[PDB]
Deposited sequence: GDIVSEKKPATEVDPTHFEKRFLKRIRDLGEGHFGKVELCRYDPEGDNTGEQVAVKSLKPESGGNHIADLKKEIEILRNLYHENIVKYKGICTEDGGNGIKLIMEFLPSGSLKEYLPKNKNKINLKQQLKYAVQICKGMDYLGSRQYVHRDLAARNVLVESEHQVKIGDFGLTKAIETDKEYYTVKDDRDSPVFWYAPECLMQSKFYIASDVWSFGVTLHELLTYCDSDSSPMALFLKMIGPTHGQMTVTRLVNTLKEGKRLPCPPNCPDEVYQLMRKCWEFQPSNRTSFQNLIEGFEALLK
């Protein structure tokens, strides 16, 4: 079985990225021992979320799309997710160091690719729930792929109701996710608009969606922050236009943030939107 990897040949090279429960490392699957094996990205849990990883491994295994990271296999006894290695890392890490390389045309092409990969996920009846630049991987200067699926859940129904909301990226969530933990495909459209903002800002730390919202709502509200974040979304207040971003790209972003899940555009429609701007 080429999808079965033995632990003894999986040679850790370095750490790539880290979440709260999950960890991604660069490894070389080296059966020959001469350090000639292929490099792979390995997802393991930090030392119980074993059940969610197993489900995530099964979601990824059956996802086949050029804008979604390729599943390569597993490593058992207790499981590790084996995927292809994308050396340019995430958009969160890649964009600040490549401003000279990536221009608006390229940013909008990335925008399409994320949309396409997201629209394939939704058509397979899945909600992502963690769509941010940190979960988007860079293949090259021309191609991006959705790199993580840790929060991904199957919609039965227009939505799936979440029980555990503890590591939720609240500054990327739609008001229904914040108010009732209700996740629709439109919730992923809302998160796309936030991911779009990061992308057009080259993922700048000082103008991150969290920081732009803390300046909007007030940074000293502690545990009242989500309520006040919902308060400002209700008022009609949204993330500001990114510097040097044309108003029509900002208009496509504003359509991702229509308070009502039904008033929001679909990914198919966003694809058409950016395609008209690329001609």
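- Taken in order along the deposited sequence, the stretches absent from the coordinates are 1 to 13, 61 to 64, 95 to 98, 178 to 179.
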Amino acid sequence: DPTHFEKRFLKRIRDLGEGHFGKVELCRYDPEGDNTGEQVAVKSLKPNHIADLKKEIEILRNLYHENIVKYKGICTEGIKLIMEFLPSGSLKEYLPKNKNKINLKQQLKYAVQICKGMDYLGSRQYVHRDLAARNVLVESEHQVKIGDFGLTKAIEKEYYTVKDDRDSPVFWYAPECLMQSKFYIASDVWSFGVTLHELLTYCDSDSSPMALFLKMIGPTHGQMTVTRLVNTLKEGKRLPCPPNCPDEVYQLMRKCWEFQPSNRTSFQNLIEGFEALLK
From here on, numbers count along this sequence of modelled residues.
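Rigid core: the largest C-alpha set superposing within 1.5 Å between the two forms.
- The higher RMS C-alpha distance to the shown form in 9 other deposited structures of this protein, out of 109 to 117 and 157 to 165, belongs to 157 to 165, with every structure fitted on the core.
- The rigid core fit leaves 223 to 231 as the farther-lying stretch in 9 other deposited structures of this protein, judged by Cα positions and set against 246 to 254 and 223 to 231.
- Figure legend: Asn62 is marked as modelled in all of the other comparable entries of the protein, none of which omit it, let alone a third.
- Compared with other PDB entries of the same protein, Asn48 is missing from at least a third of those that resolve the residues around it.
- For the pair 62 to 70 and 48 to 56, the record assigns the higher mean C-alpha temperature factor to 48 to 56.
- As the entry records it, the average C-alpha temperature factor is higher for 162 to 170, out of 134 to 142 and 162 to 170.
- The PDB entry assigns the greatest CA B-factor among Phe183, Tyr110, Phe85, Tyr94 to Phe183.
- Of the candidates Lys99, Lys105, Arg129, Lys157, the one whose C-alpha carries the top B factor in the deposited record is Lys157.
- Placement of the Cα temperature factor of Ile114 within the chain: lowest third of the modelled residues, per the deposited record.
- Split the chain's modelled residues into thirds by C-alpha temperature factor. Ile217 is in the highest one.
- When the modelled residues of the chain are ordered by their C-alpha B factor, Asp206 lands in the highest third.
- Remark: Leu16 belongs to the highest third of its chain, ranked by C-alpha B-factor as recorded.
- Among the modelled residues of its chain, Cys177 has a C-alpha B-factor that falls in the middle third, as given in the PDB entry.
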